[PDB]
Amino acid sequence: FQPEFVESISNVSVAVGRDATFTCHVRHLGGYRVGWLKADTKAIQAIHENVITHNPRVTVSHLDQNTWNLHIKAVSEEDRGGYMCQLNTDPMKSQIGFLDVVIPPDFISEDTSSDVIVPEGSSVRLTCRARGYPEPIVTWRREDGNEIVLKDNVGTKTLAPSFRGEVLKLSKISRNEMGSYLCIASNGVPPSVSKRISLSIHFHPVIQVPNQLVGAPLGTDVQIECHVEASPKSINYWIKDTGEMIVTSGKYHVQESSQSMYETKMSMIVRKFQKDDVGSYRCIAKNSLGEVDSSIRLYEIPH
């Protein structure tokens, strides 16, 4: 008889850092040798039990004269390609097997965006690119969970919880669209990678005052309110007409309240209105771009 094999050896996908093995199922091996060589480089890997290549990750093993294995420990991208076991018959016979090496995603830092500070109303592009095999997919999300504004043309705009694409086009920006966005790159190979990108929209603080005139009967508690719209968030406080700051005490009670990143509802209560409390009170909002005040007049409702 002549040495022949059965069943073949089959292709293998594995991904980096992991081990891999190719196996040939021979019969009637006799006095012939089974050798391996990398198909594309034509580099002899092994013959029988001897290892020829000085690639350390490469080993051989066998339990009988029937099944012969080639092992790659923690495969790399250079290891991918063909692996041929051959019997040294004349002419020689050979099985061929292909090692497919997938790689997890990794960002192209030169292409991924940084934190941006865009002016309200303009258009912005957010970019995330990652290399990997297979081709990674980039999906964008808002970190707080809200939807992303998706516009096209100039008269059609929808909303979506996520967007797929390496470049996220946000045109005609509004105050609402500020905040952290997330791009994640997934190729189906763990681990996927993400990056947090902070879209900033900045403006002067703006104060709206419902009721700039409040009437109090002596001895009651009256609340005056200011509504601030500022970005970045403003540091706020109330101030006496003379020029003295109000902080919460037994007489006063100051509070703030944020409906969003750029909205704040500041309120002050003055307990037990007296002839001493009559006058105007200013609410002041300051951020890095500027500061603005507004004045509320408190008057007495007589007898």
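We number the residues from 1 along the sequence you see.
Higher mean CA temperature factor, per the PDB entry, when comparing 148-156 with 104-112: 148-156.
Mean CA B-factor, 161-169 versus 180-188: the higher value falls on 161-169. The entry assigns its greatest Cα B factor, within the set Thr242, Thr41, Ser260, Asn236, to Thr242.
When the modelled residues of the chain are ordered by C-alpha B-factor, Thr127 sits in the lowest third. Per the deposited record, the Cα B-factor of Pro91 falls in the highest third when ranked against the other modelled residues of its chain. Among the modelled residues of the chain, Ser231 sits in the middle third by CA temperature factor in this PDB entry. When the modelled residues of the chain are ordered by their C-alpha B factor, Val278 lands in the middle third. Among the modelled residues of its chain, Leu37 has a C-alpha B-factor that falls in the lowest third, as given in the PDB entry.
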